[PDB]
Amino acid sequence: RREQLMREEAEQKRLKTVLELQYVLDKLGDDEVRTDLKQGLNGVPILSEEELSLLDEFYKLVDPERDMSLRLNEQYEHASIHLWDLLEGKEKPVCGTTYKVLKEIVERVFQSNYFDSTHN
């Protein structure tokens, strides 16, 4: 009963994390953003180029281009699982690494607070 409320909160918080992630992944398309992350603040990098490439590959998996052989209700089945696995930080293979490693990367990006400022 209260475990119900707790599960509902966890699911909402999970959605919030998904939205944050989508925002970040979208911003990783900007060359200026990639530059800022690879160098860091005072010389201390947030991402290596290697980790950045891992995020690019993951980006393709969770934001797929529309495939004409797939109906709408099918298009995001795999993406939904990729997203869920990342949030859980699963010890499962993806992008030549694991969701656990990808989650650790995302956490460092989130926690760097780079994206707490807006940059237009």
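Counting begins at 1, following the sequence as shown.
Comparing 9 to 17 with 93 to 101, the stretch with the higher mean C-alpha B-factor in the PDB entry is 93 to 101. The question of which stretch, 59 to 67 or 27 to 35, has the higher mean Cα B factor is settled in favour of 27 to 35. Comparing C-alpha B-factors across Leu72, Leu83, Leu54, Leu47 in the deposited entry, the largest value falls on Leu47. Placement of the Cα temperature factor of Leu41 within the chain: highest third of the modelled residues, per the deposited record.
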